[PDB]
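To start, the structure itself, in structure tokens.
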Amino acid sequence: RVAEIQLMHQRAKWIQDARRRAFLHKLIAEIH
Amino acid sequence: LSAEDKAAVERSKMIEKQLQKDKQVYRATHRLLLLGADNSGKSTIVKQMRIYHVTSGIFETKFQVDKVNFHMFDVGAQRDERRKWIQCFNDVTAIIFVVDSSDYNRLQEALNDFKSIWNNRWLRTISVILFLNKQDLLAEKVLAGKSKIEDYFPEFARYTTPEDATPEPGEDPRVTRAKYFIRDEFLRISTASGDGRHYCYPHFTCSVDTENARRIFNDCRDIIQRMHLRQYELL
Amino acid sequence: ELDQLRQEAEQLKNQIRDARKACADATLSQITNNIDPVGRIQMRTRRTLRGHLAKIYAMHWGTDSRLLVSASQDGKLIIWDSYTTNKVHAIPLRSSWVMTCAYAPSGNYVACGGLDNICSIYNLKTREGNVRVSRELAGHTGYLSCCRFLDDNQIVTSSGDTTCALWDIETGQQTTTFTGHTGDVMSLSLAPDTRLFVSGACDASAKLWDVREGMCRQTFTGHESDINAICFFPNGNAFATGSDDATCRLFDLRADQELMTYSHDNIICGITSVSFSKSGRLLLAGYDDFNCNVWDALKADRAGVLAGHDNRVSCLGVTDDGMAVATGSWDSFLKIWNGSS
Amino acid sequence: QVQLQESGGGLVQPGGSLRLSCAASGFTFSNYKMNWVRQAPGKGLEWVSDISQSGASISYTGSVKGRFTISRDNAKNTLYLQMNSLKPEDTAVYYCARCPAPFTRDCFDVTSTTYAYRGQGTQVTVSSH
Amino acid sequence: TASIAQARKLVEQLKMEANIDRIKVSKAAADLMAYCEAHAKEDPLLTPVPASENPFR
Amino acid sequence: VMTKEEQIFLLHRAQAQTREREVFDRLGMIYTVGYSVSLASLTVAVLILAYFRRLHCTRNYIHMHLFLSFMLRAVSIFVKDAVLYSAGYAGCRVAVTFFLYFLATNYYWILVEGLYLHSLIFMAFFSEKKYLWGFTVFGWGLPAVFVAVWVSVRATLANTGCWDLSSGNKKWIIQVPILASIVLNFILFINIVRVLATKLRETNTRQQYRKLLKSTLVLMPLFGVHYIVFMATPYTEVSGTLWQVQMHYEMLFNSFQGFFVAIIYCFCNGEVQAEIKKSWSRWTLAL
């Protein structure tokens, strides 16, 4: 397991998940 | 560029490539220096290594072991004094110093010669392949009992056989005790100075076995390894 | 009988010492205090001759001050063009333990020798253009330490058997033999007129010999250790000797005694090569401490230091016109040094 | 000129004592190692003992170990060899040898047949009358 | 042995070396100084030459 | 997963009508500082090695290549951090490709160092040193192959968004060749230590053991032993003690490996120190 590549992939996945969660939180604020 | 200058540059390039090929040949070959007293069996070792292959000033013998070429140089017609020309051998791969183990009276002279070689300023970085030649003669002299080493070396009286000794299974205990006493006498001088920059490789030679050259080859390998270990500061 | 001869020899030596003391009214240092000091000499490297496979043991300049011959202990004798750093020739040697080399004044022959006890002379102007072993000289029972050409037909060679010999190229035989040294002769220096030559040995003595006659003229015992190098003064009336005692000594062929001693507390290593410039004011000496020292011949001070070699200096030479100084070393590099204004 | 003058020797009864003195001139005595070399009749030169410049390291051969004493005086430039409990086999011509180079530990060829840096030596004969 | 012959040859050589016309050391030193001064300007090592005439540029 | 939840979520609804980033920033800061220090030390070492012609040797040539690989790896990491942090742009993919290539070259140059030492101790007996040229092909040519093919696969299979995000098992086209260099070289290291001990056993004394310990320590940064500490570890969540310890170990040691190697093999090298002392003495005497 390469530490650098694993960290890069984890950070990319975290960025995507954070964007999705930010959109969900922005939408639920208006909906709820 | 001038035409004459261009021709000079071309011939210089040709000489450079010839020198590159000569350097490639030279690096593969390893040069060794053979030393020993008159009573030592240097001539027999040279003859064996020449026949098996596996006014004059100096003699060169070329032998190939495992596709590796070694050039052994033996001193020819030279005076007793040797403090000057020995400096020519400051970059040889190894020095094979052959000692007549059966010569008790001249053993001290051999020890002094080995000490001088080991402590030479220009030979401090050159390892020595020590050969305790004529082991059968030493065994016969020990078994005879007419001559005792205690007279020449009183410290042999209190000497004891090392625990790490590996004698021949059918060898008399006195013979191996004496041979290891001689080896330890050489090794004390060897370890007295050097600080690990060069090493001694004592061997017991019968002047007729074919393995001697092979032994030298092995020793050379070790030296080369240690040389690399000295480049990486691992020793 | 032996005791009487020894007593007579001791009396003769005492008489010679008394004569030398009587003729030594004053020293060089006493009267050289009134001359302007040379000062701190600074020199820089102009060329770096590389290509030798092993340590350089000796070198010699040609009469044209352009082509220089160097010998390496890998079995090679390289003739370089100093100005353009090109390799003019690269002669392989049958014996790889060459210790000295000599360039003929005419440049048509190059001599070498070493532990093989054979003086090998090679041509440079062959009909086909390829160099080959022109002649081989044999007869020395010791290692060949130095050799110098007198002409295209005669060569003076000193060997480790405490013997010098004048050989004839055409016949390959010892025309003249010089004996008397007790220690191994390490170097020889030809006089400008080539009629006399000085030779230094390992017995802390130097001897002057007549080329045409063949007997020792003068003997000097100023040094305390083996003399490794010797060089004639440009005027031919003096010479300098370097020894392992870390001290150079200047001897005069007329005063028959040492005139000046060059030494320093910080210097404890041996001296390998010595040479004078055209004027003779500067004495360049190579030492085992990886640097060369240039001393003032009259003031006896460290005028300059040349530190550009990785290993000990083995040989030093000065061109006939004195334009640059060539210094060889065991680090397989030949450094050419010159001054700048 | 390097020269060494030896004194002491002659007929000595077995089991007695003797002293050999060496006077040095023409060189710095304090900067060279000193050795004693004996030549027995019918035999060659052999090393006996040696002492360094400062006397810190002193070594003897096997035949004379524990019997001879070697000392040096730099102020007087004098080398002393005190021999006790002599043997009939110890008769020989004794010479003093100097290291060829200063600040050098290895005496390469001080036992050479025609070594220049040695004295004339003195005869030491151990006989009973 | 050749010890007697060697001693005789050494004595003869010493006799030959003793009968020489030695001169005062001061005169030899003065001659050396004069030779050094006369050729001082002809020594490139002692007096560096300009790079224009120097072939080691 | 990504911001494509908009489509499905809005269609369904119309038919029916901080610790993690802190840890990431801390890791980024620590490895950036370590890699900057390593880059400075390694460029100083490269300048020192190139200054003196005596140091020019095959061993020092391999050391220079390793230092250059480390410097390129650090530069690529910095560029990737700049481009990604603070979108399928060509430069964005190129930065990640260069980062992966330089990482692979660094790993394979550590492997080349190990192989060269092993050849010197076992294979370079009385032979020429032309194999260095082949090592160069192993140093840069081999890493450039399997990465580039991966790029082609990345250009032909998905080619969606930035390449910093995992898209299956294609990353093993690059990781698997690297991991071997982690394992095999490590084995060589052990072998070297063994024969090194043998050499000590052939020269002799308790101090020998002490030397062996030192002989181990300076050997650790060159061979990259620390990787084998966490080489065999599967994917883990961004939380938990295991992941935090693994990151704080791996990033720190990888950042400081170049600095340690530069100190040990260039700054602490006896030949380099002797050359520096000689040059300083010459400069002081001349001035």
Side-chain angles (χ1 to χ4, degrees), chain B residues 29-65 69-82 85-86 88-89 92-114 116-117 126 128-141 179 182 186 200-220, chain C residues 94-97 114-118 138 140-143 160-161, chain D residues 44 109 111-113:
Chain B
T29 62
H30 284 250
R31 296 148 302 279
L32 311 173
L33 167 67
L34 181 66
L35 295 178
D38 53 355
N39 52 17
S40 178
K42 304 170 58 181
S43 61
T44 308
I45 295 181
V46 170
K47 289 179 58 59
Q48 293 288 348
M49 200 168 302
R50 182 183 303 179
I51 62 180
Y52 287 152
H53 212 272
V54 294
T55 60
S56 300
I58 190 175
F59 302 96
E60 176 179 10
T61 59
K62 310 176 182 179
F63 63 99
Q64 189 183 223
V65 179
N69 302 89
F70 298 91
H71 296 3
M72 181 179 299
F73 300 97
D74 188 9
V75 194
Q78 295 293 339
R79 289 185 62 257
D80 202 333
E81 301 180 358
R82 64 176 185 177
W85 58 263
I86 193 63
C88 300
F89 301 96
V92 298
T93 302
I95 297 180
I96 294 90
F97 193 78
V98 197
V99 182
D100 194 331
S101 301
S102 60
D103 199 329
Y104 297 153
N105 49 281
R106 293 189 63 178
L107 184 58
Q108 183 63 219
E109 173 66 25
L111 291 171
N112 289 272
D113 295 331
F114 178 78
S116 179
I117 293 297
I126 298 305
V128 50
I129 302 180
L130 183 61
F131 281 169
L132 282 73
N133 203 23
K134 301 181 180 180
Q135 291 295 334
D136 53 329
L137 281 72
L138 177 61
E140 293 182 359
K141 292 301 178 60
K179 77 191 302 180
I182 300 179
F186 278 96
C200 180
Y201 301 94
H203 295 276
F204 307 108
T205 307
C206 299
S207 185
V208 295
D209 45 352
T210 316
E211 194 184 2
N212 300 321
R214 167 68 63 175
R215 298 179 182 180
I216 298 179
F217 177 86
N218 299 330
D219 297 327
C220 294
Chain C
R94 301 180 180 180
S95 180
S96 177
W97 304 107
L115 301 182
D116 58 330
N117 301 12
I118 310 302
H140 286 304
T141 58
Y143 64 95
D161 58 359
Chain D
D109 50 0
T111 60
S112 294
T113 61

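First the proteins, then the strands, lettered A, B, ... as listed; each starts at 1.
D:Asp109 has no carboxylate O lying under 4.0 Å from a charged side-chain N of B:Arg79, or vice versa, which leaves the two without a salt bridge. In this structure, B:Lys134 pairs ionically with B:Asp100, as a charged nitrogen and a carboxylate oxygen lie closer than 4.0 Å.
The shortest non-hydrogen separation linking B:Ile216 to B:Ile129 is CG2-CD1, 3.7 Å. Heavy-atom minimum distance, B:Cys206 versus B:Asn133: C-OD1, 3.8 Å. Nearest heavy-atom pair, C:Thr141 versus C:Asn117, reported as atom, atom and distance to 0.1 Å: C-ND2, 3.4 Å. For the residue pair B:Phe63 and B:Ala213, the shortest heavy atom distance occurs at CE1-CB, 4.1 Å.
Two residues are said to be in side-chain contact when any heavy atoms from C-beta on lie closer than 4.5 Å; B:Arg214 and B:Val65 meet this criterion. Put simply, the side chain of B:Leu130 reaches to within 4.5 Å of the side chain of B:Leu132, judged on heavy atoms. Looking at C:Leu115 and B:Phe73, their side chains never come closer than 4.5 Å, going by heavy atoms from C-beta outward. Inter-residue side-chain proximity for B:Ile86 and B:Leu35 is flagged as met; some heavy-atom pair is nearer than 4.5 Å. Side-chain contact between B:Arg31 and B:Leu33: absent, with no pair of heavy atoms (C-beta onward) separated by less than 4.5 Å.
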CA sep, side-chain torsions, deciding dist, call: B:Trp85, B:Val75, side-chain contact (heavy atoms from CB on, under 4.5 Å): CA-CA 10 Å; B:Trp85 58 263; B:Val75 194; 3.5 Å; yes

Walk me through it: do B:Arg215 and B:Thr205 pass the test side-chain contact (heavy atoms from CB on, under 4.5 Å)? CA-CA 10 Å; B:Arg215 298 179 182 180; B:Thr205 307; 4.1 Å; yes

Using atom types as modelled, flag every donor-acceptor pair under 3.5 Å from a side chain in residues 37-44 of chain B to any protein atom, sequence neighbours excluded.
unit_1: B:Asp38; atom_1: OD1; unit_2: B:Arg106; atom_2: NH1; d: 2.4
unit_1: B:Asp38; atom_1: OD1; unit_2: B:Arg106; atom_2: NH2; d: 3.2
unit_1: B:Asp38; atom_1: OD2; unit_2: B:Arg106; atom_2: NH1; d: 3.3
unit_1: B:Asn39; atom_1: ND2; unit_2: B:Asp103; atom_2: OD2; d: 2.4
unit_1: B:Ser40; atom_1: OG; unit_2: B:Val98; atom_2: O; d: 3.3
unit_1: B:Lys42; atom_1: NZ; unit_2: B:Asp74; atom_2: OD1; d: 3.0

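A distance of 8.0 Å separates CG in B:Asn212 from OG in B:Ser207, rounded to the nearest 0.5 Å. Between the OH atom of B:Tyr52 and the NZ atom of B:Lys47 there is a distance of 11.5 Å, given to the nearest 0.5 Å. Summarising the geometry, atom OH belonging to B:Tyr104 is positioned 4.5 Å from atom CG belonging to B:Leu138; distances are rounded to the nearest 0.5 Å. Taking CD1 of B:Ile117 as the start and CZ of B:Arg82 as the end, the distance is 4.0 Å to the nearest 0.5 Å. If you take CE on B:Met72 and OG1 on B:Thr93, they are separated by 11.0 Å, rounding to the nearest 0.5 Å. Once rounded to the nearest 0.5 Å, the distance linking CD1 of B:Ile96 with CZ of B:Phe70 reads 9.5 Å.
Using a distance-only test at 3.5 Å, with no hydrogens or angles considered, no donor-acceptor pair links the side chain of C:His140 to the main chain of C:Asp116. In this structure, the side chain of B:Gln78 engages the main chain of C:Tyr143 through a donor-acceptor pair within 3.5 Å.
A side-chain contact (heavy atoms from CB on, under 4.5 Å) with B:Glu109 is found for one member of B:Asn105, B:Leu107, B:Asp113, B:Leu111 and no other, namely B:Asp113.
Ring geometry for B:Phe114 against B:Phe186 counts as perpendicular: the plane angle is over 60°, on a 0 to 90° scale with 30° as the lower cut.
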